[PDB]
Amino acid sequence: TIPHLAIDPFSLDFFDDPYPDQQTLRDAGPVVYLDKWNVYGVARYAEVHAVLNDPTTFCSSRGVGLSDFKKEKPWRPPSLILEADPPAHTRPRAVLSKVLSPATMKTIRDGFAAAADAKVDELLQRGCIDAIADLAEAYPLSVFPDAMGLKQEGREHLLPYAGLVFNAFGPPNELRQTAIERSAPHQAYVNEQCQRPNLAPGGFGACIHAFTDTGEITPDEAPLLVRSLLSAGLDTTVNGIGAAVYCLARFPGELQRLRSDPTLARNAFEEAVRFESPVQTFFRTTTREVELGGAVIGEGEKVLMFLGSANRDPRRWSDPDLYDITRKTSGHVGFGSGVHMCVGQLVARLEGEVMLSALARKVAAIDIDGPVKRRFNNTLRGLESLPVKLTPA
Ligand code: HEM
Ligand SMILES: CC(C)Cc1ccc(C(=O)O)cc1
Ligand SMILES: [Cl-]
């Protein structure tokens, strides 16, 4: 009854242009079977949202990559938050929610905004810049490692480590195997920085360790929760900000609306997160036989959720393929949904808001002016190089 498709959603041809195949995945039915990898797939908004909000049946403790932790060894010790279900998930989640809380955002906002303003002014002096290396990477690198409290030495391992993490959620294709092979130096750097003596007092890392006093996490849990922030907290924002700039470059009408009201910066970033969905996919594992979209899925089955597809499903979104900075974005799944919804979303939105605010106030036009190159990753969608000319306001 369930349709079987040969589409490989982790193929370079799919990454190069995923939208026709995402429509095929939605329109084949509410649930598909992907013969290439022997997993179920759900690509429509309703089912993706339902699965995310059904954690007792669609669990995370057997891994949110293709690999099932009940069957294979995890490539690194499992995340205490991402790869945990309630109740084990609950207190580690509360610790990160407090470390990255509304109140915490007050302590970093002025510096994060100042760094964005200065970066945009610097790029305007250069005029022709690469919006990936010179902006989407440079700006988060200038704020987030410091906000973590990381030392200077070794920071060149952060983005390679994150590329590995996100590649490793994928199937054992060439991207994943090349990522994991000889990755020990990246792992050793990150694991060392998670130990309490290496984290500057006052930064996110030290604050995680300070929560061991409360009973919410033990001392031996704190390094793995620092590791969570060093895994998810940088490369995501690189692709989120990159997506926003690419959107503004492609939709000059929307850049002009943002210039006219820079208070749209935060929703312009949220719409970029829906529109591009920098985190494209991840998995759940069934804990029991379950009916979904009229299909009966057995226990212990991997289910691939297409977040980017759900964020463009015309069943849910009007003009889903348009970038609209005044869209009512609430309900998009680019940050997830339910108990695992991105605990770093206020940090992500802060960075995106203040960069888009700096662009809105300082830049009059953004023109692609060189070869654009895509960056391939089993989980992340974004660009390797985005040459643009920035004209000052
Ligand atoms: C635009 C930027 C970002 C995007 C699109 C994004 C996306 C996501 C998504 C889709 C999930 C859900 C995972 C699941 O349900 O299995 C998630 C969870 C998570 N994210 Fe974000 N993220 C971003 C930025 C960040 C940042 C800046 C941080 C930390 C400073 C962070 C830390 C985390 C953590 C620790 C989790 C696991 C939460 C849990 O399992 O309860 N992320 N993220
Ligand atoms: C979209 C998510 C898969 C991003 C992510 C990655 C890693 C972690 C961790 O806890 O290590 C948490 C969240
Ligand atoms: Cl590691």
Side-chain angles (χ1 to χ4, degrees), residues 3 5 7-32 34 39-53 166 169-170 236 239-251 253-254 257 264 266-284 292-293 303-338 341-342 345 348-349 352 372 374-383 386:
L5 287 86
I7 294 170
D8 181 3
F10 306 101
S11 62
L12 274 36
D13 165 51
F14 180 104
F15 300 144
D16 181 77
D17 179 21
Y19 302 109
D21 281 344
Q22 291 179 351
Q23 175 166 9
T24 304
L25 293 166
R26 289 188 300 267
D27 288 0
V31 183
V32 303
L34 299 175
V39 300
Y40 289 82
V42 293
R44 300 174 187 185
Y45 178 80
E47 285 74 25
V48 169
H49 191 271
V51 168
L52 288 169
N53 283 280
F166 283 94
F169 296 121
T236 50
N239 289 293
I241 293 170
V245 173
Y246 195 32
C247 284
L248 293 164
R250 284 180 293 158
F251 291 84
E254 292 305 284
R257 295 212 292 153
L264 292 168
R266 208 167 163 95
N267 202 63
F269 179 73
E270 202 74 11
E271 167 76 340
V273 171
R274 181 204 67 86
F275 180 90
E276 282 300 321
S277 296
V279 175
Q280 286 274 294
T281 50
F282 46 76
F283 292 83
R284 300 293 194 252
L292 180 74
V303 184
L304 179 53
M305 295 174 286
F306 288 86
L307 308 182
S309 176
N311 283 335
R312 280 165 179 259
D313 180 0
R315 297 156 184 85
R316 168 60 179 83
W317 307 95
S318 309
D319 295 305
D321 294 343
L322 293 192
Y323 178 69
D324 173 12
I325 70 174
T326 53
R327 181 188 302 272
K328 288 189 210 199
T329 58
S330 297
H332 80 83
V333 293
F335 284 117
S337 185
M341 189 181 172
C342 180
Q345 62 191 253
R349 294 184 176 130
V372 174
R374 176 151 304 283
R375 176 175 293 167
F376 300 116
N377 186 273
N378 277 331
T379 300
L380 295 164
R381 174 163 167 90
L383 296 176
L386 175 54

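For the single chain, residues carry numbers from 1 onward in sequence order. Atom set for the values below is all heavy atoms of this structure, side chains included, hydrogens, waters and symmetry mates excluded.
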*Looking only at heavy atoms, which two atoms of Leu5 and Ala28 are closest? And how far apart?*
CD1-CB, 4.0 Å
*Taking the side chain from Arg327 and the backbone from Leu322, do they hold a donor-acceptor pair closer than 3.5 Å?*
yes
_Taking every non-hydrogen atom, the tightest pair across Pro30 and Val42_ = O-CG1, 3.7 Å
*So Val303 and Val31, side-chain contact (heavy atoms from CB on, under 4.5 Å) or not? Walk me through it.*
CA-CA 9 Å; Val303 184; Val31 183; over 6 Å; no
*At their closest point, which heavy atom of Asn311 faces which heavy atom of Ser277, and how far apart are they?*
ND2-OG, 2.9 Å
*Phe306 vs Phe14 aromatic rings, parallel, tilted or perpendicular, using cut-offs 30° and 60°?*
tilted
*For residues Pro278 and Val273, determine if any side-chain heavy atom of one lies less than 4.5 Å from a side-chain heavy atom of the other.*
yes
*Does a side-chain heavy-atom distance below 4.5 Å link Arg284 with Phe282?*
yes
*Look at the aromatic rings of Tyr323 and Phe275 and report parallel, tilted or perpendicular, splitting at 30° and 60°.*
perpendicular
*Do you know the tightest heavy-atom contact between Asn239 and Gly382?*
OD1-CA, 3.3 Å
*Say you draw a straight line from CZ of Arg266 to CD of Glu271; how long is it, rounded to the nearest 0.5 Å?*
15.5 Å
_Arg374/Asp17 ion pair, N-O < 4.0 Å_ = no
*Would you give the length of the straight line joining atom CG of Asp321 to atom CZ of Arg312, rounded to the nearest 0.5 angstrom?*
4.5 Å
*Quick one: does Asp324's side chain get under 4.5 Å of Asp319's, heavy atoms only?*
no
*May I ask you to test the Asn378-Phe15 pair for a side-chain heavy-atom distance under 4.5 Å?*
yes
_Side chains of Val279 and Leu380 in contact at under 4.5 Å (non-hydrogen atoms)_ = yes
_Rounded to the nearest 0.5 Å, what separates atom CD1 in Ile7 from atom CG in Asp13?_
10.0 Å
*asked:* For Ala244 versus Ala272, what's the shortest heavy-atom pair and its separation?
replied: CA-CB, 3.6 Å
*Can you tell me if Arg44 uses its side chain to pair, donor with acceptor, with the backbone of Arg26 under 3.5 Å?*
yes
_Non-hydrogen atoms of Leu304 and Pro9 that approach each other most closely_ = CD2-CG, 3.8 Å
*Report the relative orientation of the aromatic rings in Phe166 and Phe169; use parallel for angles under 30°, tilted for 30 to 60°, perpendicular for over 60°.*
perpendicular
*Pairwise distance CZ(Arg257) to CD1(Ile325) - rounded to 0.5 angstrom*: 5.0 Å
*With sequence neighbours excluded, residues passing side-chain hydrogen bond (donor to acceptor under 3.5 Å, both in side chains) with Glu276*: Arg250, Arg381
*Atom pair CZ/CD of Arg315 and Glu47 - distance to nearest 0.5 Å*: 8.5 Å
*Under 3.5 Å, is there a donor-acceptor pair between the side chain of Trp317 and the main chain of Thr329?*
no
*asked:* Return the OH to OG distance between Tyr45 and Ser309, rounded to the nearest 0.5 Å.
replied: 12.5 Å
